[PDB]
């Protein structure tokens, strides 16, 4: 069940999944529609679901990782697609081998240096590239 802010923007949560507290390498996942493209893992909040809980759930489902939830980075809008995403830091401590989206749609995941994550996100997901700006 999709959820929405009062202005009709779809509510989402996502994590920047870092390998370590150094925050030098981040986990991206393949686009569901275009698997040769990379995205930051995330998705819709469920009814009455805390944003931090949604963020952790979505990265388990999409990226097959768990870890230590860190700070809220910020709340980011995509004007064209009308969605608003809470973006958290997650320090990955567990990497699972056969996660929901790997099994269901063959979703891929890969570690990127921050500068390379920004590069591959820029063309189709410039708002996601902007998560890393600070």
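Numbering follows the first chain given and starts at 1.
When 82-90 is weighed against 26-34, 26-34 comes out higher, by mean CA B-factor as recorded in the entry. Looking at mean Cα B-factors across 106-114 and 7-15, the upper value is held by 106-114. Residue-level temperature factors show residue 74 in the highest third of its chain, judged at the C-alpha atom. Compared with the other modelled residues of the chain, the Cα B-factor recorded for residue 128 ranks in the lowest third.
When the modelled residues of the chain are ordered by C-alpha B-factor, residue 53 sits in the middle third. When the modelled residues of the chain are ordered by C-alpha B-factor, residue 96 sits in the highest third.
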